[PDB]
Amino acid sequence: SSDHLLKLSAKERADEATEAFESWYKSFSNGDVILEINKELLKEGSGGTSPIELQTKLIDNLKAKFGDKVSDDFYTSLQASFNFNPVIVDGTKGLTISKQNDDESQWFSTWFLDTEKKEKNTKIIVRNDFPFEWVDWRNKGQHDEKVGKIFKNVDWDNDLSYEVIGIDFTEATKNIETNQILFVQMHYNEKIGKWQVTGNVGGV
């Protein structure tokens, strides 16, 4: 229904969104694999098989796993996030995602991703083992200095399509550069009638 947002109360929305997030976040198991290359590909630059290919095949697979659950700009933003934060096979590291951007924010889209092994890896995976908590942007986050401004793109004061999630990286570990504490926004999709996880993220 159209006014589904209008009819609901703030807590009902917050809860609806959070539940949607969980649904996704838990629509797969910790550590499931999304890009695998044969062992053979580790050697040389031959076979490659090159960033735009890896980035692509990766994104393709992702789209197939997730579907409606995330907004299209989500994939969009992630692919943009490469470009200068490339996917490659490294002689020691094997297959990995290299942080090469002075822009910290370009790295932010990589938050949910990791490598099976720290040396000579062949696989790329997802993690759902982080603590997450609903956040009150409209009243708390938006004014909160240091990150009150990471979300410039939403009105907040007049817009009901968007809500914010907070994630805690303090007592967990990754094989690639890590951030600590990030926020991700959910958008209610009018056409679809459900919440989606956008590619809009930030906050160090």
# chains A, B, ... in the order shown; residues from 1 in each chain; ligands from 1

call {"tool": "select_by_dssp", "arguments": {"residues": "chain A", "states": "strand (DSSP E or B)", "output": "PyMOL selection string"}}
result
chain A and resi 33-36+70+87-90+94-97+113-115+121+123-126+132-135+162-167+182-189+194-202

call {"tool": "residues_around", "arguments": {"residues": "residue A:133", "least_positions_apart": "5", "cutoff": "8 Å", "atoms": "only C-alpha atoms", "output": "list in words"}}
result
residues 165, 166 and 167 of chain A

call {"tool": "residues_around", "arguments": {"residues": "residue A:77", "least_positions_apart": "5", "cutoff": "8 Å", "atoms": "only C-alpha atoms", "output": "PyMOL selection string"}}
result
chain A and resi 109+199-200

call {"tool": "residues_around", "arguments": {"residues": "stretch 81-92 of chain A", "least_positions_apart": "5", "cutoff": "7 Å", "atoms": "only C-alpha atoms", "output": "ChimeraX atom specification"}}
result
/A:42,50-51,54-55,97-101,106-107,109,119-120

call {"tool": "write_last_selection", "arguments": {"atoms": "N, CA, C and O atoms", "output": "PDB file, in the first residue's frame"}}
result
ATOM      1  N   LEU A  42      46.508 -18.590  -9.690  1.00  0.00           N
ATOM      2  CA  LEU A  42      47.383 -17.876  -8.763  1.00  0.00           C
ATOM      3  C   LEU A  42      48.701 -17.459  -9.414  1.00  0.00           C
ATOM      4  O   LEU A  42      49.202 -16.367  -9.163  1.00  0.00           O
ATOM      5  N   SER A  50      42.148 -10.408 -14.351  1.00  0.00           N
ATOM      6  CA  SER A  50      42.032  -8.931 -14.473  1.00  0.00           C
ATOM      7  C   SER A  50      40.887  -8.268 -13.711  1.00  0.00           C
ATOM      8  O   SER A  50      39.800  -8.833 -13.590  1.00  0.00           O
ATOM      9  N   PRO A  51      41.146  -7.065 -13.175  1.00  0.00           N
ATOM     10  CA  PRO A  51      40.188  -6.382 -12.311  1.00  0.00           C
ATOM     11  C   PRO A  51      38.810  -6.294 -12.904  1.00  0.00           C
ATOM     12  O   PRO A  51      37.958  -6.943 -12.342  1.00  0.00           O
ATOM     13  N   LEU A  54      37.165  -9.513 -12.662  1.00  0.00           N
ATOM     14  CA  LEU A  54      36.878  -9.983 -11.325  1.00  0.00           C
ATOM     15  C   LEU A  54      35.745  -9.165 -10.705  1.00  0.00           C
ATOM     16  O   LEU A  54      34.781  -9.722 -10.181  1.00  0.00           O
ATOM     17  N   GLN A  55      35.841  -7.849 -10.809  1.00  0.00           N
ATOM     18  CA  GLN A  55      34.847  -6.967 -10.250  1.00  0.00           C
ATOM     19  C   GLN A  55      33.509  -7.322 -10.861  1.00  0.00           C
ATOM     20  O   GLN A  55      32.524  -7.492 -10.149  1.00  0.00           O
ATOM     21  N   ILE A  97      41.196  -7.971  -2.462  1.00  0.00           N
ATOM     22  CA  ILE A  97      40.746  -6.623  -2.762  1.00  0.00           C
ATOM     23  C   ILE A  97      41.683  -5.603  -2.141  1.00  0.00           C
ATOM     24  O   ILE A  97      41.786  -5.473  -0.920  1.00  0.00           O
ATOM     25  N   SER A  98      42.336  -4.839  -2.991  1.00  0.00           N
ATOM     26  CA  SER A  98      43.393  -4.001  -2.515  1.00  0.00           C
ATOM     27  C   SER A  98      42.873  -2.606  -2.229  1.00  0.00           C
ATOM     28  O   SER A  98      42.172  -2.007  -3.048  1.00  0.00           O
ATOM     29  N   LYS A  99      43.160  -2.134  -1.020  1.00  0.00           N
ATOM     30  CA  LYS A  99      42.831  -0.775  -0.636  1.00  0.00           C
ATOM     31  C   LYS A  99      43.898   0.135  -1.219  1.00  0.00           C
ATOM     32  O   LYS A  99      45.041   0.145  -0.783  1.00  0.00           O
ATOM     33  N   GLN A 100      43.520   0.888  -2.236  1.00  0.00           N
ATOM     34  CA  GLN A 100      44.463   1.762  -2.888  1.00  0.00           C
ATOM     35  C   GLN A 100      43.907   3.138  -3.044  1.00  0.00           C
ATOM     36  O   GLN A 100      44.382   3.913  -3.870  1.00  0.00           O
ATOM     37  N   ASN A 101      42.870   3.451  -2.294  1.00  0.00           N
ATOM     38  CA  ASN A 101      42.291   4.743  -2.506  1.00  0.00           C
ATOM     39  C   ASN A 101      42.551   5.635  -1.324  1.00  0.00           C
ATOM     40  O   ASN A 101      42.340   5.241  -0.185  1.00  0.00           O
ATOM     41  N   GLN A 106      35.729   5.371  -0.392  1.00  0.00           N
ATOM     42  CA  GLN A 106      35.624   4.368  -1.429  1.00  0.00           C
ATOM     43  C   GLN A 106      35.741   2.981  -0.837  1.00  0.00           C
ATOM     44  O   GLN A 106      35.147   2.032  -1.342  1.00  0.00           O
ATOM     45  N   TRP A 107      36.497   2.870   0.247  1.00  0.00           N
ATOM     46  CA  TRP A 107      36.663   1.592   0.930  1.00  0.00           C
ATOM     47  C   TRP A 107      35.419   1.176   1.704  1.00  0.00           C
ATOM     48  O   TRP A 107      35.257   0.006   2.067  1.00  0.00           O
ATOM     49  N   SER A 109      32.393   0.690   1.008  1.00  0.00           N
ATOM     50  CA  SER A 109      31.451  -0.258   0.411  1.00  0.00           C
ATOM     51  C   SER A 109      31.930  -1.700   0.603  1.00  0.00           C
ATOM     52  O   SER A 109      31.171  -2.659   0.416  1.00  0.00           O
ATOM     53  N   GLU A 119      47.158 -15.603   3.219  1.00  0.00           N
ATOM     54  CA  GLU A 119      48.234 -15.780   2.242  1.00  0.00           C
ATOM     55  C   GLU A 119      47.846 -16.782   1.168  1.00  0.00           C
ATOM     56  O   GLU A 119      47.329 -17.858   1.482  1.00  0.00           O
ATOM     57  N   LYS A 120      48.101 -16.418  -0.090  1.00  0.00           N
ATOM     58  CA  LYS A 120      47.818 -17.284  -1.233  1.00  0.00           C
ATOM     59  C   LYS A 120      46.365 -17.792  -1.268  1.00  0.00           C
ATOM     60  O   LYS A 120      46.116 -18.993  -1.361  1.00  0.00           O
TER      61      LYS A 120
END

call {"tool": "closest_residue", "arguments": {"among": "A:66, A:21, A:28, A:156", "to": "residue A:143", "atoms": "only C-alpha atoms"}}
result
A:156

call {"tool": "residues_around", "arguments": {"residues": "residue A:17", "least_positions_apart": "3", "cutoff": "12 Å", "atoms": "only C-alpha atoms", "output": "NGL selection string"}}
result
:A and (5 or 8 or 10-14 or 20-24 or 69 or 133-135 or 160-165 or 184-189 or 193-197)

call {"tool": "residues_around", "arguments": {"residues": "stretch 145-148 of chain A", "least_positions_apart": "2", "cutoff": "10 Å", "atoms": "only C-alpha atoms", "output": "PDB file with N, CA, C and O atoms, in the first residue's frame"}}
result
ATOM      1  N   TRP A 137      18.963   8.470  13.471  1.00  0.00           N
ATOM      2  CA  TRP A 137      19.651   9.533  12.774  1.00  0.00           C
ATOM      3  C   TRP A 137      18.936  10.858  12.959  1.00  0.00           C
ATOM      4  O   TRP A 137      19.562  11.847  13.338  1.00  0.00           O
ATOM      5  N   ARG A 138      17.622  10.862  12.727  1.00  0.00           N
ATOM      6  CA  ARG A 138      16.848  12.103  12.666  1.00  0.00           C
ATOM      7  C   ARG A 138      17.016  12.954  13.908  1.00  0.00           C
ATOM      8  O   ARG A 138      17.051  14.185  13.829  1.00  0.00           O
ATOM      9  N   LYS A 140      19.390  11.761  16.767  1.00  0.00           N
ATOM     10  CA  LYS A 140      20.727  11.639  17.347  1.00  0.00           C
ATOM     11  C   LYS A 140      21.860  11.801  16.335  1.00  0.00           C
ATOM     12  O   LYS A 140      22.668  12.731  16.450  1.00  0.00           O
ATOM     13  N   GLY A 141      21.894  10.933  15.328  1.00  0.00           N
ATOM     14  CA  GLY A 141      23.015  10.897  14.404  1.00  0.00           C
ATOM     15  C   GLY A 141      23.222  12.171  13.607  1.00  0.00           C
ATOM     16  O   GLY A 141      24.349  12.639  13.454  1.00  0.00           O
ATOM     17  N   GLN A 142      22.127  12.744  13.130  1.00  0.00           N
ATOM     18  CA  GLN A 142      22.189  13.890  12.240  1.00  0.00           C
ATOM     19  C   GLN A 142      22.888  15.066  12.898  1.00  0.00           C
ATOM     20  O   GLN A 142      23.691  15.758  12.269  1.00  0.00           O
ATOM     21  N   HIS A 143      22.614  15.283  14.174  1.00  0.00           N
ATOM     22  CA  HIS A 143      23.255  16.389  14.866  1.00  0.00           C
ATOM     23  C   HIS A 143      24.627  16.016  15.411  1.00  0.00           C
ATOM     24  O   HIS A 143      25.485  16.880  15.604  1.00  0.00           O
ATOM     25  N   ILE A 150      27.741  12.721   7.562  1.00  0.00           N
ATOM     26  CA  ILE A 150      28.064  11.677   6.592  1.00  0.00           C
ATOM     27  C   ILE A 150      26.893  11.390   5.653  1.00  0.00           C
ATOM     28  O   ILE A 150      27.093  10.901   4.538  1.00  0.00           O
ATOM     29  N   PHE A 151      25.677  11.669   6.123  1.00  0.00           N
ATOM     30  CA  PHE A 151      24.485  11.547   5.288  1.00  0.00           C
ATOM     31  C   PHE A 151      23.877  12.900   4.952  1.00  0.00           C
ATOM     32  O   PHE A 151      22.952  13.383   5.615  1.00  0.00           O
ATOM     33  N   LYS A 152      24.429  13.502   3.910  1.00  0.00           N
ATOM     34  CA  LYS A 152      23.984  14.785   3.424  1.00  0.00           C
ATOM     35  C   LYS A 152      22.843  14.587   2.452  1.00  0.00           C
ATOM     36  O   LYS A 152      22.024  15.476   2.232  1.00  0.00           O
ATOM     37  N   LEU A 182      30.568   1.929  11.263  1.00  0.00           N
ATOM     38  CA  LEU A 182      30.032   2.465  10.005  1.00  0.00           C
ATOM     39  C   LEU A 182      28.506   2.487  10.001  1.00  0.00           C
ATOM     40  O   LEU A 182      27.875   1.718  10.712  1.00  0.00           O
ATOM     41  N   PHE A 183      27.907   3.341   9.179  1.00  0.00           N
ATOM     42  CA  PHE A 183      26.450   3.413   9.115  1.00  0.00           C
ATOM     43  C   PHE A 183      25.910   3.182   7.714  1.00  0.00           C
ATOM     44  O   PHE A 183      26.466   3.685   6.739  1.00  0.00           O
ATOM     45  N   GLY A 202      29.011   5.222   5.448  1.00  0.00           N
ATOM     46  CA  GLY A 202      30.097   6.090   5.922  1.00  0.00           C
ATOM     47  C   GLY A 202      30.346   6.172   7.432  1.00  0.00           C
ATOM     48  O   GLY A 202      29.568   5.629   8.218  1.00  0.00           O
ATOM     49  N   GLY A 203      31.433   6.840   7.840  1.00  0.00           N
ATOM     50  CA  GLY A 203      31.603   7.221   9.239  1.00  0.00           C
ATOM     51  C   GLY A 203      32.834   6.980  10.125  1.00  0.00           C
ATOM     52  O   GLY A 203      32.672   6.512  11.258  1.00  0.00           O
ATOM     53  N   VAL A 204      34.042   7.321   9.666  1.00  0.00           N
ATOM     54  CA  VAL A 204      35.217   7.333  10.557  1.00  0.00           C
ATOM     55  C   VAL A 204      35.833   8.729  10.655  1.00  0.00           C
ATOM     56  O   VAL A 204      35.675   9.566   9.761  1.00  0.00           O
TER      57      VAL A 204
END

call {"tool": "select_by_dssp", "arguments": {"residues": "stretch 93-125 of chain A", "states": "helix (DSSP H, G or I)", "output": "tab-separated table (two decimals) with N, CA, C and O atoms, in the first residue's frame"}}
result
chain	number	residue	atom	x	y	z
A	104	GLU	N	38.99	7.38	1.84
A	104	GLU	CA	38.63	6.33	2.74
A	104	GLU	C	37.26	5.84	2.36
A	104	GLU	O	37.02	4.65	2.44
A	105	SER	N	36.39	6.74	1.90
A	105	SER	CA	34.98	6.40	1.66
A	105	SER	C	34.81	5.37	0.56
A	105	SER	O	33.86	4.59	0.56
A	106	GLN	N	35.73	5.37	-0.39
A	106	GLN	CA	35.62	4.37	-1.43
A	106	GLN	C	35.74	2.98	-0.84
A	106	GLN	O	35.15	2.03	-1.34
A	107	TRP	N	36.50	2.87	0.25
A	107	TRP	CA	36.66	1.59	0.93
A	107	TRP	C	35.42	1.18	1.70
A	107	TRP	O	35.26	0.01	2.07
A	108	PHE	N	34.55	2.14	1.99
A	108	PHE	CA	33.45	1.84	2.90
A	108	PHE	C	32.51	0.78	2.33
A	108	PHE	O	31.93	0.01	3.08

call {"tool": "closest_residue", "arguments": {"among": "A:80, A:41, A:124, A:59", "to": "residue A:96", "atoms": "only C-alpha atoms"}}
result
A:124

call {"tool": "atom_distance", "arguments": {"atom1": "atom CA of residue A:113", "atom2": "atom CA of residue A:126"}}
result
5.2 Å

call {"tool": "closest_residue", "arguments": {"among": "A:65, A:117, A:123, A:93", "to": "residue A:37", "atoms": "only C-alpha atoms"}}
result
A:123

call {"tool": "closest_residue", "arguments": {"among": "A:115, A:16, A:129, A:38", "to": "residue A:172", "atoms": "only C-alpha atoms"}}
result
A:129

call {"tool": "atom_distance", "arguments": {"atom1": "atom CA of residue A:159", "atom2": "atom CA of residue A:72"}}
result
19.8 Å
